[PDB]
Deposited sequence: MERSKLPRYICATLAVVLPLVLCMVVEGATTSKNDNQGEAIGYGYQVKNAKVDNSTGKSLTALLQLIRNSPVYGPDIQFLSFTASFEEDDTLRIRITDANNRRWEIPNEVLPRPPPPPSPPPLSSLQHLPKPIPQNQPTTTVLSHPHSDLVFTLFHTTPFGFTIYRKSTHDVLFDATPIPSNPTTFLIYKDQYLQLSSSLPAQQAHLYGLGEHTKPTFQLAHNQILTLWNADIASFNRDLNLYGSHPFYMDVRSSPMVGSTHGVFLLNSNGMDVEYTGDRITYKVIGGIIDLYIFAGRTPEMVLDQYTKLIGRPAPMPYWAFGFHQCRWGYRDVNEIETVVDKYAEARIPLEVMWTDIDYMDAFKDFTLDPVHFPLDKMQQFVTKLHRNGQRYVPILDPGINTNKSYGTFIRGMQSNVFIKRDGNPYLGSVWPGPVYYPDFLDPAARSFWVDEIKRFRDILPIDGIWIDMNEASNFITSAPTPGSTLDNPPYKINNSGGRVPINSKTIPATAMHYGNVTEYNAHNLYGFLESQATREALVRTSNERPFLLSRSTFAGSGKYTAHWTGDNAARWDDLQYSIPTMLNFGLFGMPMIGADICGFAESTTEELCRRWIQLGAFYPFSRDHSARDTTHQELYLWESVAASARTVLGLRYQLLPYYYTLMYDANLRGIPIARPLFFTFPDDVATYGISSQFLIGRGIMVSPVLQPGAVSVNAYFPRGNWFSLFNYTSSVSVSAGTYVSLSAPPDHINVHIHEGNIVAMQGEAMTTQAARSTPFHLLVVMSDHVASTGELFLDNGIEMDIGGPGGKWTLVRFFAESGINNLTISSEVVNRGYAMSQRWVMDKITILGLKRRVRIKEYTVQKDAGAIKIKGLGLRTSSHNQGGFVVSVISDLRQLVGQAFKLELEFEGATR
C-alpha cells in the first residue's frame, strides 16, 4: 500500500474580528494500514502571534492530543483551484491554503513573494503529503535547492555548520558520545534557520516545530520532511528578515537566554578521576604557579560517596576538608561547581532515597518505581514533571548546600541515561512504535539505554511523549533550587536539553574526543546552540575521551579560550591535560586567556545582548555579513559579537591557516600593527605559529576592554581600555553593559545597571570619540575608569588638541560619565 492518502479541505474560514485568524476542518481521504491509525478529522489553524510570526497548528478535531505543557514552555494559546488566504497589513508573511486533493499550504513573503515554506503536495507522491496518524506525523516542504541554506535541527555532531544535503536528522535525547558524527545526541532542537542567497540576498527566516516527540527530519536539498512519532503539528514561522531578527523572534517564543554571572566567563577546570581533595588543591595551586587564570574548580562524580548525589566520599573528600577548600577558593575570588546525576541510588541507608520514596517523587512503570542503572548501581529517577519531585529536588539541594557551599550546579546524564535497556512491554506500540526513528543511526529502539516509553509521569503523562523534556525539566528545577538558596545569579550546566533550555542553563558539547576532527566539530555545534537560544556553550577543552597530545591541546586552548563557556575537562582513563602540564600549552594559555579576560566586559555585554534579543555571543560570520554568500558555508571561523573574528588552526603540523575575510579592514587583537585589508571578501593564508591564534577585529567597531588578572573579581577593578577601529565607510560604534552582577533580572526596571554606548567618527581634519550613558542613576554610582584609548584603522596619526596606531594615555575618565573627546590629525 501507499504510506497514506492525505487530506481534503472540508471547510475553511477567515476567523476575523479585530484580529485575523484562519480556521479549517480537514478530512482524511482514505485510511492506510501502514504506520497505524490515521486521524480522520483534523482541526487546522493558521494565526499570527506577532506581525513577524505565523503559527500553524494542526490537531485531531475530535481528541485532544499530547502537547508540551504551557507550564513547561509558556506561550500564547491557540486561536479560538480554490484557495483560502490569510494576511495582515503589518506582516510580511502571507499564508495560503490550497483546496487540492490532497490539500496543500504555503507561506510566502508579501514583499518579494519568495516562498518560505511550501507544503503543496506532489499528487503522485505520498512522501510529500500531510499524513497524520496517532504515532506518525508527516509534514513536508519543498525548497529552492541551491538558494536555501539551512542551519540547526540539533543536537548532532557535523563537520559543517550549514546542513549538508541528503541526510536524515534524528531528534531523540540519548547518551551518545558527541565524538560520533551524525548520531542523535543528548538534546533535541526542532528549529532550523533558512538563509536565502536569492532572490534577495541574506533574506532569512526561521521554522520551529514545537513538538517533544521523537522524530526524523529528512533533508534532501529540494525538500525537507518531518517524520514525527507523536504529538501534534505546531509549526511556527519567524519572518526574520535578518538572521538576528529570526533569533529574536524565536527566543521571544521559547525563552530568552538566561543571564550568566560574570565569573561564569572565567576559566573552568574539571577532571573525571581527581582522587581526593588534596589533588584538586594541588591543581589550583599549580594553575596559580603557572600564572594561568583559573576561576572555577569543578568536581566530578569522584567527590560522592559511592556515586551518590548529596554525599561526600568520607575518605577522599571529607566534608571538613571540602569546606576548607571551597572557603579558600572563595577567599581568593574563585568558585566551585559540583556534579549531580538524576538517578537516585536505592540504598536503604541513604537519606535522599528515603525522602524521595516518602514524597513519592519517582518515575513509575507498571505502577512501581522504574529501576534504572547508573554510576551508583540501582537507581530511581525523579519525575521532574511532578511538583512534589521539584520540591524534593530543591530540598535536597538546600540540605547539601547548607553543609557545603557551592556556586553552581553541573547536571549530567539527564537524557535520562540508563546503563541498561529494559524489556519492552508486550503489545505496547509505545515501546514498539510502528515507525522507527533512526535512533543511533541504526533504527535502534527508542528505549535503548534510557527510560522506557511506557514509564509514567505526573498527570498520566507517558515517557513516550515527555522523554525529550527530562533534562529541560531538571534544569528548571535545579535553577530554581539555586535561586531559592542564594540571591546570586545562578549558574547551571546541563547535558541534555530541549528548545527553551537556554532560559535556564548553559550546555557543553558533551563526550567529545581528543581528536583533531572534534576540535573543528566544536565550532558548528557552538554556532548551532546560539541558534537554539543557548548561547552559553562550549566544548571540553583538549577533548574529553582519549588521551590528548601537546599539539592538539595547544591548538585547543587557543580556540577554546574564546568559547562563551571555557572549560578544560577530561575522562578518567586518559593522561592528564591541565594547561600547566606542557610549557608550550601554558604559554599559549596565558596569551589567549589573557585576551579572553581583557574581553570579559565584552563577553558580558554580549551575554546582556543575548538575554535582551536572543542574539548569540559566538555568532556566524553571516550574522554580521549576511549579504556575503561566501560566509554561509564557513564552518571553521566564527565571530565573537558583531565584529571580532576568530580563525583557528584546526590541522596538525600547520603553522598557517586559510581563512576567509569579509570585505574591509581587519586588525589583529594580538598585534595592532598586523592587519588584513581586502577590497572584496576572500581567503587569506594567515600566518599561525605554534603559539599563535588568529583573532581579528573589523573596522566600524568599538570594544571596551579591561585588564588581565588571575580572577574575574580582580579583573573588574582594573582600568578600562577603549579600542576604537575606524572605518572609511561608516561611523564606528560599540556598547558596554555594566551591573552589580547579581540582579536576577538583567537590565530590568530594577535599574542596577548601566548601558554605555560609544561612538567614533572622522571629519576631514578632526576626529570625535564620544559616549552616551543609559541609567546614569546606576552609572553615576560606579567608580569605573577609562585610562586609555587606542585608535586603529587610520592612515594618519591623531592627537589631543600603511596603517597607523594612535594611543591616548593618562585619561582618568569615569566610564559612567558621558564624554566627548576631540582629536586632531598630524
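Student: Point out each run of deposited residues with no C-alpha coordinates, keeping the order of the sequence.
Tutor: Since the structure holds only modelled residues, the stretches it omits are 1-38, 119-137, 859-884, 910-913.
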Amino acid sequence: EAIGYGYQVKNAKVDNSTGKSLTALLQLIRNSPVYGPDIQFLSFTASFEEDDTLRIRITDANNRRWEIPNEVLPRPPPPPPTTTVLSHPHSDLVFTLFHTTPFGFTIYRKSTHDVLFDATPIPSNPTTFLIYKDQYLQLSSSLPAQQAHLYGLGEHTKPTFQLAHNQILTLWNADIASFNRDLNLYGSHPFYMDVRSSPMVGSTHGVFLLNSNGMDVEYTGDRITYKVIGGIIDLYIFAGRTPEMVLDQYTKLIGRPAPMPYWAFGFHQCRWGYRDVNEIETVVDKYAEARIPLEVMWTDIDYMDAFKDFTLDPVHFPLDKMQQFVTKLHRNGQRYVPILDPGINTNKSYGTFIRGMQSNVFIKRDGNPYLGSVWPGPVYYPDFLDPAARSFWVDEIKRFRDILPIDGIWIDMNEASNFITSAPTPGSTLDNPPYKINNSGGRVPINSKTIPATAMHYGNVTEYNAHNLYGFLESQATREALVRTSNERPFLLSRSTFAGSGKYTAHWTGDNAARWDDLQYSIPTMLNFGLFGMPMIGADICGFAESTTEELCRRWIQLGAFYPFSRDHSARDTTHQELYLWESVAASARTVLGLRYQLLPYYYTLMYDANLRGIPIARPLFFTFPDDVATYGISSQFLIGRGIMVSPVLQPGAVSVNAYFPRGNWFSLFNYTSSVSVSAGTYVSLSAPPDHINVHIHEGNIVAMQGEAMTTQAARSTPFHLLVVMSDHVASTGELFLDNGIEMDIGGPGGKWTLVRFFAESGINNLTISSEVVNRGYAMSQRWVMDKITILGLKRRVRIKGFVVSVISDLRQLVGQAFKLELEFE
From here on, numbers count along this sequence of modelled residues.
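Student: If you average the CA temperature factors as listed in the entry, which stretch comes out higher, 351-359 or 508-516?
Tutor: Higher mean C-alpha B-factor: 351-359.
Student: Going by the mean C-alpha B-factor recorded in the entry, which is higher: 722-730 or 206-214?
Tutor: Comparing 722-730 with 206-214, the higher average CA B-factor belongs to 722-730.
Student: I'd like to know which of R663, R495, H698, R554 has the highest C-alpha temperature factor in the PDB entry.
Tutor: Reading the PDB entry, the winner on C-alpha B-factor is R663.
Student: Of the choices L54, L792, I29, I789, which one's C-alpha carries the largest B-factor in the record?
Tutor: In this record, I29 carries the highest C-alpha B-factor of the candidates.
Student: Considering every modelled residue of the chain and its Cα B-factor in the PDB entry, is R65 in the lowest, middle or highest third?
Tutor: It falls in the bottom third of the chain.
Student: Would the CA B-factor of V315 place it in the lowest, middle or highest third of its chain?
Tutor: For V315, the deposited C-alpha B-factor lands in the highest third.
Student: Please place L169 in the lowest, middle or highest third of its chain according to the CA B-factor in the PDB entry.
Tutor: According to the entry, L169 has a C-alpha B-factor in the chain's lowest third.
Student: Taking the entry's C-alpha B-factors for this chain, is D175 in the lowest, middle or highest third?
Tutor: According to the entry, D175 has a C-alpha B-factor in the chain's lowest third.
Student: C-alpha B factor of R181, ranked within the chain: lowest, middle or highest third?
Tutor: CA B-factor rank for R181: lowest third.
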